[PDB]
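Before any questions on binding or motion, here is one chain by itself as structure tokens, the form deposited in one PDB entry.
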């Protein structure tokens, strides 16, 4: 592949000093972009995900607008449960649904062997290779997947939930079957993630988007071991294959309570939601790991000038070292692209000012 030209994101991820703070945005390819909506209007959601050219195009769109320091492949975390044999749908204005969720132990019988999932996700790898070629070394390309617990929640609940009451009911009433599911997920995720790197991904982010529904005791029992296993095994497989392991980011949304644990889980970067004060996060994770985040996405509803000030304060709190800027969650569909531009420009401006 083309030689990387701007590697600032990777250097920060590994914890090296840089001349400025690199920045990207979760959902930078999203509906807040008119061109995103135009491109998506052609196919249905999971059809778009299966088209390497469409994913590559949506990936590149944000970078034509903003000098972001990383791209993330366009895809969805639900491609994994789909490749395990569950049927998904993207309900008109209503979001993802599995009309036949896993509700009892016996339901695990309809899943594929996790060892075959990577072969079912060829299309993601083709999107990854194409996008890495087309980016031509501009910035690094991030691959990603959902974390086991979070993927379990979608598979059991059948969609989103404000309580995760069914998935937590599995944890308390069906602990063994929960462990079996989580192990299936882990064993699918590892080869999928490795394959993303083989195909060209230069970093990886694991989204534990549903961490916050758990307290510490359940998280430590049911989410953390598999988060740790994913990192250990991805790195091992890559080493064995002759490849360079890439930086890995763990993002546990609403995970204030697990930050200490997550800093010892084998990830170079811990991502933060906007509810955790940067200084408290730094005290929790210590001085080696890199932090990523964490501006309230809704802050981008403020004026460009206000965004600038919010960004300056955020950057003062994180300090110049061991830090990659991002929002605290993905961009929302009603947000103004110019405000996203203001965020990006302000990270770049103040982080330089903060260095001299």
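Numbering follows the first chain given and starts at 1.
If you look for the form solved in complex with a small molecule, you will not find it shown, but the lines that follow are about it.
Heavy atoms within 4.5 Å of the small molecule in the entry with it bound are found in exactly one of 175 to 183, 106 to 114, 89 to 97, 194 to 202, that being 89 to 97. Proximity of residue 216 to the small molecule in the entry with it bound falls outside the 4.5 Å heavy atom cutoff.
Residue contact with the small molecule in the entry with it bound: residue 66 places no heavy atom within 4.5 Å of it. Taking the partner from elsewhere, residue 29 is found to have a heavy atom lying within 4.5 Å of the small molecule in the entry with it bound. The small molecule in the entry with it bound is approached by residue 329, whose closest heavy atom lies within 4.5 angstroms of it. Of the residues given (267, 170, 226, 154), 154 alone sits with a heavy atom within 4.5 Å of the small molecule in the entry with it bound. Shown without its partner, this chain lists 123, 257, 144, 274 as candidates; in the entry with it bound, only 144 has a non-hydrogen atom within 4.5 angstroms of the small molecule.
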